[PDB]
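Accompanying notes for the structure given below.
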Amino acid sequence: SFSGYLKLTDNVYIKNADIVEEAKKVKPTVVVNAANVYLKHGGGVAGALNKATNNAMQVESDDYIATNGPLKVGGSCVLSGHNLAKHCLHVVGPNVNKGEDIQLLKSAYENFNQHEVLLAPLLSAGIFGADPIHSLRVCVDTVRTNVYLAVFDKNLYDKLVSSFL
Ligand SMILES: C[C@H]1C(=O)NC(=O)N1c1ccc(Cl)cc1
């Protein structure tokens with residue numbers, strides 16, 4: 001199971017880790033992807049997860065979009081986890097760099113409540129432009145299921161833990 005995590009709350013755990021390496025090690029039931037509405041996994045966590053699947057995540061995602069159309073900001077879909085997990089929960093947090101409503105971050109985290117346990121990144125953090133401290137606060141105040149957060153950046157991990165209320 002998950003190891004080396006700091007406990008933040010009854011159900012939220014955090015570790016300074018590369019989510020791809022963490023997923024390959026744990027092979028969790030669910031890995032969360034920091035997806036966009038088009039499931040175009042170009043960069044950030046999505047680009048890294050997709051590259052780890054040898055692009056199989058992108059091939060599956062293009063078929064999903066061709067059939068269903070784009071996701072909503074704040075929405076999600078469950079697809080295969082490929083070699084990383086049983087399932088990948090593609091969750092769309094608002095991208096502040098595209099002028100999307102930060103208020104949708106709570107709706108994005110609510111998707112996690114449909115899964116008993118998840119390995120996840122902080123939604124809307126990184127290239128999505130939101131404040132990761134705010135993302136962690138919304139996470140702990142929204143998610144009720146067991147969420148294991150992987151924060152790639154050591155300096156950001158330290159800032160998140162030390163400023164956690
Ligand atoms: C991409 C995001 C993540 O999932 N884990 C991180 O440490 N992230 C990250 C966010 C902001 C900056 Cl400047 C650097 C890294």
Side-chain angles (χ1 to χ4, degrees), residues 1-37 41 43-50 52 57 71-82 84-97 100-165:
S1 74
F2 293 97
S3 69
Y5 284 79
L6 171 64
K7 186 166 177 66
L8 295 180
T9 71
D10 172 56
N11 65 298
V12 180
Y13 296 84
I14 193 166
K15 184 181 181 184
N16 174 34
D18 176 336
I19 194 173
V20 170
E21 291 315 304
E22 197 64 14
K24 291 173 169 185
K25 174 186 175 48
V26 171
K27 283 158 188 167
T29 304
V30 178
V31 65
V32 173
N33 180 32
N36 53 55
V37 298
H41 310 303
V45 167
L49 291 175
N50 177 58
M57 177 182 286
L71 279 66
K72 289 169 184 182
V73 175
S76 72
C77 67
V78 178
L79 291 174
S80 181
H82 299 277
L84 303 176
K86 176 167 192 191
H87 299 297
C88 178
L89 178 72
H90 295 273
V91 181
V92 185
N95 187 323
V96 172
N97 297 321
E100 297 169 353
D101 183 14
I102 198 53
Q103 260 286 77
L104 292 164
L105 187 55
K106 188 172 183 76
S107 298
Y109 273 116
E110 286 169 345
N111 294 286
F112 286 29
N113 290 324
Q114 300 294 318
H115 299 280
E116 291 189 293
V117 61
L118 316 89
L119 169 60
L122 283 169
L123 299 179
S124 298
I127 71 179
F128 281 61
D131 178 355
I133 293 179
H134 175 61
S135 185
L136 178 54
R137 177 40 48 190
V138 177
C139 179
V140 304
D141 294 344
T142 305
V143 184
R144 296 177 304 284
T145 56
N146 304 317
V147 60
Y148 288 83
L149 296 167
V151 176
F152 181 61
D153 200 85
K154 174 54 172 173
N155 292 321
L156 175 56
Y157 173 82
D158 288 346
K159 182 176 175 38
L160 287 166
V161 170
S162 73
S163 62
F164 184 62
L165 196 27

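The analysis underlying the following values was restricted to heavy atoms, covering all of them including side chains, and did not include hydrogens, waters or symmetry mates. The residues of the chain are indexed from 1 along the displayed sequence.
Counting heavy atoms of neighbouring residues, nucleotides and ligands inside a 6.0 Å radius, atom CZ of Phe152 does not exceed 12 of them.
Taken from CZ in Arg144 to CG in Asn113, the straight-line distance is 4.0 Å, to the nearest 0.5 Å. Atom CD1 of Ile102 is separated from atom OG of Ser135 by 7.5 Å, given to the nearest 0.5 angstrom. If you take CG on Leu8 and CG on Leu136, they are separated by 6.0 Å, rounding to the nearest 0.5 Å. Residue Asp153 holds its CG atom at 7.5 Å from CG of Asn16, rounded to the nearest 0.5 Å. The distance from atom CG of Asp18 to atom NZ of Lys24, rounded to the nearest 0.5 Å, is 8.5 Å. Separation of atoms CG (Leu149) and CG (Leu122) is listed at 5.0 Å; rounding is to 0.5 Å.
Residues meeting the side-chain hydrogen bond (donor to acceptor under 3.5 Å, both in side chains) test with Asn11, sequence neighbours left out: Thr9. Every residue meeting the ring-ring contact (aromatic ring centres under 6.0 Å, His included) condition with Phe2, not counting sequence neighbours, appears here in chain and number order: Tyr5, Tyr148. Judged as a side-chain hydrogen bond (donor to acceptor under 3.5 Å, both in side chains), and not counting sequence neighbours, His115 has no contacts. Taking the side-chain contact (heavy atoms from CB on, under 4.5 Å) definition, one finds that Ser76 meets it with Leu89, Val91, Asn111, sequence neighbours left out. Applying the side-chain hydrogen bond (donor to acceptor under 3.5 Å, both in side chains) criterion to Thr142, with sequence neighbours excluded, gives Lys106.
Residues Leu160 and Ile14 form a side-chain contact, since some pair of their non-hydrogen atoms from C-beta on lies under 4.5 Å apart. In this structure, the side chains of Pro94 and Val73 come closer than 4.5 Å at one or more pairs of heavy atoms. With a 4.5 Å cut-off on side-chain heavy atoms, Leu6 and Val161 count as touching. Side chains of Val32 and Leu123 form a contact here, defined as non-hydrogen atoms less than 4.5 Å apart. Using a 4.5 Å heavy-atom threshold, the side chains of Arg137 and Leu165 count as touching. Contact check for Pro28 versus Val117: no side-chain heavy atoms found under the 4.5 Å cut-off.
Nearest heavy-atom pair, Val92 versus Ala108, reported as atom, atom and distance to 0.1 Å: O-CB, 3.7 Å. Of all heavy-atom pairs spanning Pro121 and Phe112, the tightest one is O-CZ, 4.4 Å. A pairwise comparison of heavy atoms in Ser1 and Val26 identifies O-CG2, 4.1 Å as the closest pair. Of all heavy-atom pairs spanning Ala46 and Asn33, the tightest one is CA-OD1, 3.0 Å. Nearest heavy-atom pair, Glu22 versus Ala17, reported as atom, atom and distance to 0.1 Å: OE1-CB, 3.9 Å. Nearest heavy-atom pair, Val31 versus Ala23, reported as atom, atom and distance to 0.1 Å: CG2-CB, 4.4 Å.
A ring-ring contact (aromatic ring centres under 6.0 Å, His included) check over residues 119-147, counting only residues at least two apart or in different chains, returns nothing.
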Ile19/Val45 under side-chain contact (heavy atoms from CB on, under 4.5 Å): CA gap, chis, key distance, verdict: CA-CA 8 Å; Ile19 194 173; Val45 167; 4.1 Å; yes
Trace of the side-chain contact (heavy atoms from CB on, under 4.5 Å) decision for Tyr109 with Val147: CA-CA 10 Å; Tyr109 273 116; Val147 60; over 6 Å; no
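At least one donor-acceptor pair closer than 3.5 Å links the side chain of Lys15 to the backbone N or O of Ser3.
Across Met57, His90, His82, a single residue satisfies side-chain contact (heavy atoms from CB on, under 4.5 Å) together with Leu49, and that is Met57.
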